[PDB]
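Remarks on the structure that follows.
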There are 2 protein chains.
Amino acid sequence: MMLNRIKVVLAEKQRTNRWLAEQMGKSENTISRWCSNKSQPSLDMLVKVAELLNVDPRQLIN
Amino acid sequence: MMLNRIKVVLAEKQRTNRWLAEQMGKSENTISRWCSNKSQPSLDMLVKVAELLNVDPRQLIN
């Protein structure tokens with residue numbers, strides 16, 4: 001199994017689901033589903049999230 | 001940057017793009033684009049690919 005850590009990293013970086021969705025041109029629902037691990041980003045989307053949160057993309061994977 | 005290693009692992013495991021596409025219910029074009037790193041699987045798709053190739057999903061990420 002492989003999940004993402006976007007919810008934890010968002011909190012650590014003091015950012016919201018709304019902010020991330022706006023930066024990525026995606027719906028807040030999409031981001032929320034990634035955060036809850038109900039659905040998953042593609043690897044390229046994960047890289048963009050990491051760039052936006054100023055972390056290594058490896059840190060977004062569990 | 002983050003890419004996938006599906007093309008290398010397919011070759012190592014003696015499997016084809018066609019086989020993988022058939023197992024995943026996806027088009028061969030989709031798999032070929034993952035193999036060439038022109039597009040990327042979601043994390044859950046990567047887990048299914050890893051299961052099918054009998055590898056740890058971590059081995060599919062570069």
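The way I read the labels, and the way they are meant: chains A, B, ... in the order of the structure tokens, residue 1 as the first residue of every chain, and ligand 1 as the first ligand shown, with later ones counted on from there.
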Compute the chain B side of the contact with chain A at 7 Å, counting only C-alpha atoms, and hand it back as a ChimeraX atom specification. /B:1-3,40-44,47
Mind writing the picked residues with C-alpha atoms as an mmCIF file, in the first residue's frame?
data_model
loop_
_atom_site.group_PDB
_atom_site.id
_atom_site.type_symbol
_atom_site.label_atom_id
_atom_site.label_comp_id
_atom_site.auth_asym_id
_atom_site.auth_seq_id
_atom_site.Cartn_x
_atom_site.Cartn_y
_atom_site.Cartn_z
ATOM 1 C CA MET B 1 11.193 16.056 -10.049
ATOM 2 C CA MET B 2 9.665 12.578 -9.732
ATOM 3 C CA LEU B 3 9.267 10.015 -12.465
ATOM 4 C CA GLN B 40 2.014 9.571 -14.805
ATOM 5 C CA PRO B 41 -0.121 7.078 -12.855
ATOM 6 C CA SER B 42 -1.935 8.083 -9.662
ATOM 7 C CA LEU B 43 -0.503 6.597 -6.448
ATOM 8 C CA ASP B 44 -3.267 3.942 -6.292
ATOM 9 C CA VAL B 47 0.217 0.267 -6.232
#
Set the distance at 9 Å and use only C-alpha atoms: which residues neighbour residue 20 in chain B once local chain neighbours fewer than 6 positions away are removed? I'd like the list as a tab-separated table (two decimals) with N, CA and C atoms, in the first residue's frame.
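Result file is selection-v5.tsv:
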chain	number	residue	atom	x	y	z
B	10	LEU	N	9.03	-3.39	-16.05
B	10	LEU	CA	8.40	-4.27	-17.05
B	10	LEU	C	9.43	-5.16	-17.75
B	26	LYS	N	-6.81	-0.65	-18.88
B	26	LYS	CA	-6.44	0.64	-19.46
B	26	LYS	C	-5.97	0.46	-20.90
B	28	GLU	N	-3.48	0.61	-24.13
B	28	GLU	CA	-2.04	0.43	-24.26
B	28	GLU	C	-1.34	1.78	-24.40
B	31	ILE	N	-0.55	3.16	-20.90
B	31	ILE	CA	0.63	2.49	-20.32
B	31	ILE	C	1.90	2.96	-21.00
B	49	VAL	N	-0.03	-1.53	-10.26
B	49	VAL	CA	1.05	-1.97	-11.16
B	49	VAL	C	2.08	-2.79	-10.40
B	52	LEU	N	0.87	-6.26	-9.64
B	52	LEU	CA	0.90	-7.07	-10.88
B	52	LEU	C	2.31	-7.51	-11.27
B	53	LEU	N	3.31	-6.67	-10.98
B	53	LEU	CA	4.71	-6.98	-11.31
B	53	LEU	C	5.45	-7.66	-10.16
Can you list, as a count of residues only, all residues belonging to chain A that DSSP tags as helix (DSSP H, G or I)? 38
Atom-to-atom span, CA of residue 6 in chain A and CA of residue 29 in chain A, Å: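 A separation of 13.9 Å between them.
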Distance CA of residue 25 in chain A-CA of residue 8 in chain A, one decimal place?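 Computing it gives 20.9 Å between the two atoms.
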Separation of CA of residue 36 in chain B and CA of residue 22 in chain B, in Å? 18.1 Å
Test item: residues at most 12 Å from residue 12 in chain A, only C-alpha atoms, excluding those fewer than 3 positions along its chain, as a ChimeraX atom specification: /A:5-9,15-16,53-55,59-60
Selection to disk with N, CA, C and O atoms, as a CSV table (one decimal), in the first residue's frame:
chain,number,residue,atom,x,y,z
A,5,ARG,N,0.8,12.1,2.1
A,5,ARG,CA,0.9,12.8,3.4
A,5,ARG,C,0.4,14.2,3.2
A,5,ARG,O,0.8,15.1,4.0
A,6,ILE,N,-0.4,14.5,2.2
A,6,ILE,CA,-0.7,15.9,1.9
A,6,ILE,C,-1.4,16.6,3.1
A,6,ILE,O,-1.1,17.8,3.4
A,7,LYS,N,-2.3,15.9,3.8
A,7,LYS,CA,-3.0,16.5,4.9
A,7,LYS,C,-2.0,17.0,6.0
A,7,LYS,O,-2.1,18.1,6.5
A,8,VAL,N,-1.0,16.1,6.3
A,8,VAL,CA,-0.1,16.4,7.4
A,8,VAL,C,0.8,17.6,7.0
A,8,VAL,O,1.0,18.6,7.8
A,9,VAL,N,1.3,17.5,5.8
A,9,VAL,CA,2.2,18.6,5.3
A,9,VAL,C,1.5,19.9,5.2
A,9,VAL,O,2.1,21.0,5.5
A,15,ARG,N,-1.1,25.9,5.6
A,15,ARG,CA,-1.9,26.1,4.4
A,15,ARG,C,-3.2,25.3,4.4
A,15,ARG,O,-3.3,24.3,5.2
A,16,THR,N,-4.2,25.8,3.7
A,16,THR,CA,-5.5,25.2,3.7
A,16,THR,C,-5.7,24.4,2.4
A,16,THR,O,-5.1,24.6,1.3
A,53,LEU,N,4.3,23.6,-1.6
A,53,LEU,CA,4.5,23.5,-0.1
A,53,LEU,C,6.0,23.7,0.3
A,53,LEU,O,6.3,23.6,1.5
A,54,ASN,N,6.9,23.8,-0.7
A,54,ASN,CA,8.3,23.9,-0.5
A,54,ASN,C,8.9,22.7,0.3
A,54,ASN,O,9.7,22.9,1.2
A,55,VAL,N,8.5,21.5,-0.2
A,55,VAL,CA,9.0,20.3,0.4
A,55,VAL,C,9.5,19.4,-0.8
A,55,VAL,O,9.1,19.6,-1.9
A,59,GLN,N,8.5,13.6,0.6
A,59,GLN,CA,7.8,13.8,1.9
A,59,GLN,C,6.3,13.8,1.8
A,59,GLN,O,5.6,13.7,2.8
A,60,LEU,N,5.8,13.7,0.5
A,60,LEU,CA,4.3,13.6,0.4
A,60,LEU,C,3.8,12.2,0.2
A,60,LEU,O,2.6,12.0,0.0
